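Input: a single structure, listed below in structure tokens.
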Amino acid sequence: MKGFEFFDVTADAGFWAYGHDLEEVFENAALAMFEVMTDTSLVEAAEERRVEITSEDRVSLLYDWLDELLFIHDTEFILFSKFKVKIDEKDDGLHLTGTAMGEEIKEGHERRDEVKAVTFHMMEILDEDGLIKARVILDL
């Protein structure tokens with residue numbers, strides 16, 4: 001039911017996300033960081049944002065999906081964020097569309113884990129029994 005599992009790394013920390021339709025794993029990846037970076041369990045959704053991505057290797061979509069979250073995070077460091085993803089196979093490549101809601105940072109934001117950056121932590125998507133799983137490790 002969780003669909004997410006994290007391992008204990010020294011310096012970095014990577015979480016495992018599960019899918020359901022490919023798009024499921026990608027958006028689930030963002031929750032891994034947020035769930036530990038803060039406590040969204042309190043904020044509903046005051047704002048909404050959409051992101052677009054172009055991939056051509058599936059596995060890379062994850063590497064570029066979360067990395068995209070890294071930049072926007074500071075562009076709007078918010079306590080809570082919903083994850084929705086859209087994957088469309090282009091005339092040959094791949095496209096990723098994700099939505100985020102709940103933007104409103106407070107003076108005393110709830111911080112849990114501390115990540116200095118995301119360095120090719122794993123960003124690998126493994127499929128088991130037809131299910132997709134993603135791996136994202138974060139820098140100390």
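For the structure tokens, the naming scheme is as follows: chains receive sequential letters (A, B, ...) according to their order of presentation, residues are indexed from 1 within each chain, and ligands are indexed from 1 in presentation order.
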Can you tell me, as an MDAnalysis selection string, what residues are no more than 8 Å from residue A:125 when counting only C-alpha atoms, ignoring any on the same chain fewer than 6 positions away?
chainID A and resid 58:59 62 132:135
Can you spit out the residues from that selection as a compact mmCIF listing (two decimals), in the first residue's frame, using N, CA and C atoms?
```txt
# COMPACT_ATOMS: atom_id res chain seq x y z
N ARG A 58 12.94 6.59 -21.11
CA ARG A 58 12.13 6.15 -19.97
C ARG A 58 12.89 6.31 -18.66
N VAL A 59 13.91 5.48 -18.46
CA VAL A 59 14.72 5.53 -17.24
C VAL A 59 15.27 6.93 -17.02
N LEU A 62 12.99 9.71 -15.35
CA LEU A 62 13.04 9.82 -13.90
C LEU A 62 14.19 10.74 -13.49
N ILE A 132 6.40 -1.10 -12.17
CA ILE A 132 7.58 -0.25 -12.28
C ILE A 132 8.02 0.29 -10.93
N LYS A 133 9.33 0.36 -10.74
CA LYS A 133 9.89 0.90 -9.51
C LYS A 133 11.02 1.86 -9.85
N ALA A 134 11.07 2.99 -9.15
CA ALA A 134 12.11 4.00 -9.38
C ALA A 134 13.00 4.18 -8.15
N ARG A 135 14.27 4.52 -8.38
CA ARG A 135 15.23 4.72 -7.28
C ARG A 135 15.88 6.09 -7.31
```
Q) Could you pull out all residues of stretch 11-67 of chain A with a DSSP call of helix (DSSP H, G or I) and give them as number ranges by chain? A) A: 23-37, 59-67
Q.
Using Å and a single decimal, report how far atom CA of residue A:30 sits from atom CA of residue A:128.
A.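 Interatomic distance here is 20.6 Å.
Comparing A:51, A:122, A:13, A:78 by their smallest distance to residue A:107, the closest is A:78 (using only C-alpha atoms).
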Check your understanding: Which one of A:131, A:126, A:120, A:66 sits closest to residue A:28 if you count only C-alpha atoms?
Key ->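 When distances to residue A:28 are compared using only C-alpha atoms, the smallest one comes from A:66.
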Selected residue, from A:83, A:71, A:129, A:121, that lies nearest to residue A:9 when counting only C-alpha atoms =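 Using only C-alpha atoms, residue A:9 sits closest to A:121.
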When DSSP is applied to the backbone of this structure, which of chain A are assigned strand (DSSP E or B)? Write them out as an NGL selection string. :A and (4-6 or 12-18 or 48-55 or 84-89 or 94-101 or 117 or 124-128 or 131-139)
Residue neighbourhood residue A:88, 12 Å, only C-alpha atoms, exclusion window fewer than 4 positions, as number ranges by chain: A: 21-23, 52-56, 58, 61, 92-98
Notebook entry, point to check: Which value, in Å to one decimal, gives the distance between atom CA of residue A:108 and atom CA of residue A:33?
Noted result: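 Those two atoms sit 19.0 Å apart.
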Quick one: everything within 10 Å of residue A:11, counting only C-alpha atoms, minus sequence neighbours fewer than 5 positions away in the same chain. Send it as a ChimeraX atom specification.
-> /A:115-116,137-140
query = Neighbours of residue A:103 within 8 Å (only C-alpha atoms; same-chain residues fewer than 4 positions away dropped), as a list in words?
reply =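 Contacts, with the query itself left out: residues 45, 46, 47, 48, 76, 77, 78, 79, 80 and 81 of chain A.
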For the residues in the current selection, export N, CA and C atoms as a PDB file, in the first residue's frame.
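Contents of the output file result_18.pdb:
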```
ATOM      1  N   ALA A  45      -4.109  22.512  -0.559  1.00  0.00           N
ATOM      2  CA  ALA A  45      -3.635  22.967  -1.863  1.00  0.00           C
ATOM      3  C   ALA A  45      -4.161  24.365  -2.171  1.00  0.00           C
ATOM      4  N   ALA A  46      -3.293  25.362  -2.036  1.00  0.00           N
ATOM      5  CA  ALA A  46      -3.674  26.746  -2.286  1.00  0.00           C
ATOM      6  C   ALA A  46      -3.289  27.203  -3.688  1.00  0.00           C
ATOM      7  N   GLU A  47      -2.306  26.540  -4.277  1.00  0.00           N
ATOM      8  CA  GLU A  47      -1.842  26.898  -5.611  1.00  0.00           C
ATOM      9  C   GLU A  47      -1.618  25.664  -6.465  1.00  0.00           C
ATOM     10  N   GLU A  48      -1.381  25.881  -7.754  1.00  0.00           N
ATOM     11  CA  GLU A  48      -1.138  24.781  -8.675  1.00  0.00           C
ATOM     12  C   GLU A  48      -0.062  25.148  -9.694  1.00  0.00           C
ATOM     13  N   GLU A  76       9.922  27.674  -5.430  1.00  0.00           N
ATOM     14  CA  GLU A  76       8.730  27.720  -4.609  1.00  0.00           C
ATOM     15  C   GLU A  76       8.774  26.659  -3.524  1.00  0.00           C
ATOM     16  N   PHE A  77       9.686  26.845  -2.579  1.00  0.00           N
ATOM     17  CA  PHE A  77       9.828  25.914  -1.469  1.00  0.00           C
ATOM     18  C   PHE A  77       8.558  25.896  -0.635  1.00  0.00           C
ATOM     19  N   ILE A  78       7.686  24.936  -0.918  1.00  0.00           N
ATOM     20  CA  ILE A  78       6.419  24.828  -0.202  1.00  0.00           C
ATOM     21  C   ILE A  78       6.362  23.575   0.672  1.00  0.00           C
ATOM     22  N   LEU A  79       5.570  23.655   1.738  1.00  0.00           N
ATOM     23  CA  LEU A  79       5.424  22.558   2.690  1.00  0.00           C
ATOM     24  C   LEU A  79       4.757  21.332   2.074  1.00  0.00           C
ATOM     25  N   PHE A  80       3.674  21.546   1.333  1.00  0.00           N
ATOM     26  CA  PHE A  80       2.948  20.435   0.726  1.00  0.00           C
ATOM     27  C   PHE A  80       2.918  20.542  -0.787  1.00  0.00           C
ATOM     28  N   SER A  81       2.919  19.388  -1.440  1.00  0.00           N
ATOM     29  CA  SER A  81       2.865  19.342  -2.886  1.00  0.00           C
ATOM     30  C   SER A  81       2.259  18.032  -3.375  1.00  0.00           C
TER      31      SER A  81
END
```
A straight line from atom CA of residue A:16 to atom CA of residue A:29 spans 7.3 Å
ask   = Out of A:44, A:113, A:27, A:89, which residue has the shortest atom-to-atom distance to residue A:57 when counting only C-alpha atoms?
value =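 Closest candidate: A:89.
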Restricting to only C-alpha atoms, whichever of A:20, A:112, A:106, A:49 is closest to residue A:75 is A:49
inquiry  = Calculated over only C-alpha atoms, which of the candidates A:130, A:109, A:26, A:87 has the smallest distance to residue A:64?
reply    =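 Using only C-alpha atoms, the shortest distance to residue A:64 belongs to A:26.
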